[PDB]
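Listed next as C-alpha cells is one chain, alone, in the form deposited in one PDB entry.
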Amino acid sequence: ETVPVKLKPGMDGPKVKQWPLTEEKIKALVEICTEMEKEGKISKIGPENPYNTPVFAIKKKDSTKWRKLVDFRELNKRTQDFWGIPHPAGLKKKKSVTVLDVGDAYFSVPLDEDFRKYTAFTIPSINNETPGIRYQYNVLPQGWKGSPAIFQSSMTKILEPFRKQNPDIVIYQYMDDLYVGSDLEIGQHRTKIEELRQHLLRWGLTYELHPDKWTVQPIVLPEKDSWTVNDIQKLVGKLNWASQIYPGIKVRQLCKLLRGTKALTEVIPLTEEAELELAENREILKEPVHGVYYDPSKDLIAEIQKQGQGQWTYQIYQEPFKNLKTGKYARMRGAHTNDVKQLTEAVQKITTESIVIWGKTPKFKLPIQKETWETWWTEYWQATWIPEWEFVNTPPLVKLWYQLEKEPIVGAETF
C-alpha cells in the first residue's frame, strides 16, 4: 500500500533547473528511463506539473553500467519529518566497515500518488533540439530521505536473521547505503559481508573503511638549529592566530626577539625565557581543546583548504575553532592533473566519515569557485547522496596553521 506523505507546512515542490549534461550521459539516462518506464516505476508527465529536480549519470565502479542519480537535496529539505535509526556509537570503534548500495529495493514500494508530482525530473537534449523528456516517480525514489524511512519496517525485517547470526557486527543505514562494521579480520570480514549480500540478494539487492585508525592528529611546531628573524616572524603569526583556540599560548618573549629592524635572514639567539615559552606551547598543542562535544541539534560543518601538491586539509566543527575532528587528504592515484577530482573525492571521503561518526552529512565550505564546481563535480561523484555546500575564499592563516599538522614517522607501514 501507499502511505500518505506530504510537504512541510506551507512548502511547495522543487522547481530546480536541469543542468546541461554530456551526450554519453543523456544516452544512458534515456536508456535507463525507458526501462524503468516499462517496468512501471516511472511515467512520462504533462506540462501542468510545474515542478522539477535535476538528474545525472554517475559510474557504478568496476562496470561500464552508468548509474542514475537524482539531486533530491531540495525535495528532502521540503519533505515532512518522520519524527531514521539512532546512531550506533559502536560503529566508529570498529576495525573495518564496508558500504553497500541498498537503494535498489525502493522500487518495490509504491509512492503515495499525491506526492509523485514533486518527483518531477527531466532529460535534456543537446542544443535543445528536442524538448525535455519529463517523468515522475510511481515508486520509492532513490536518494530521497522518505525512502529509507518508509522502507524501514521491511528493512529491519529482512535484516534481523543476519544480525542475530552475527551479533558482533553493526549495520547502519544512511539513505541508500548500508555500512557494516565488524571486528573480524579482513577475509572473515568480507566473507561474512558477502554472506550478507547473498542474504540480501534473495529479495533483490546488489568501500573498505577502518574507523579505529582515524587518529586525531596534533600541530607540530618547527624546530631548528638556529632561527632567523623571518622564521620567528612566521612562527609568531601562526601561534598568535592559534591563540583563538588555546588561549594559554603566548608569544610575548618571542616578540621581544623581534625588537629591532634587522635582516630577515639574520639569526637570533634564543633567550631561555623565549625557549620555555615555546615548550609551554608545544605542551598545550600536544592535545585537542577541552569542552568540545557534538550537538545533534546543530548543523555539522566541514571546511577544506587546498594545501597544494595534491594535499588538502579539513576541519569538521559546529562552532568556530571548536573542532570535532581535523585531518588531511592526499590525492588518489590518477587524479594528478585534476583539482576538481581530488576535491570531489575528498568531499565524499569526509562525508562518509561524517556519516560513520555522527550519522549525518556535514555542510561544506569549499575553496573553489561555483562555476568550476558545478561544471565538473558530477563527472567524479560516486556517492548515492549529495551533501550541502557553499563556496569560499580561504583565509591564508587558517591554511598556514593546519599545514602544521603532524604526519607519521614513516607512515602506515603496509609491508
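C-alpha atoms forming the largest set that superposes within 1.5 Å between two forms make up the rigid core. Sequential numbering from 1, following the sequence displayed.
For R333, the record comparison shows coordinates absent in at least a third of the other entries of this protein that model its neighbours. Per the records, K59 is modelled in every other compared entry, just as the shown structure includes it, so no third of them leave it out. The modelled chain breaks after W83 and resumes at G84, leaving 4 to 9 residues of the deposited sequence without coordinates. Counting the unmodelled positions of the deposited sequence between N230 and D231 gives zero. Taking only CA atoms, the mean B-factor in the PDB entry is higher for 216-224 than for the other of 68-76 and 216-224. Averaged over Cα atoms, the B-factor as recorded in the entry is higher for 195-203 than for the other of 195-203 and 130-138. Remark: of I169, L324, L100, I158, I169 shows the highest value [criterion: C-alpha B-factor in the PDB entry]. The residue among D114, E283, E185, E275 whose C-alpha carries the highest B-factor in the deposited model is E185. Sort the modelled residues of the chain by CA B factor and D295 lands in the lowest third.
Ranked against the other modelled residues of its chain, the C-alpha B-factor of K59 as given in the entry falls in the highest third.
In this PDB entry, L404 carries a Cα temperature factor that places it within the highest third of its chain's modelled residues. Sort the chain's modelled residues by C-alpha temperature factor and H210 lands in the highest third, per the entry. Among all modelled residues in this chain, the alpha-carbon of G10 has a temperature factor (C-alpha) in the highest third.
Omitted here: the form deposited in another entry. The next part is about that form.
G248 is the only residue from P296, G248, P161, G308 whose Cα shifts by 2 Å or more between this form and the one not shown, the rigid core being superposed.
Comparing the forms between this form and the one not shown on their rigid core, the Cα displacement of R197 stays under 2 Å. A movement of the C-alpha atom of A263 reaching 2 angstroms or beyond is seen between this form and the one not shown when the two forms are aligned on their rigid core.
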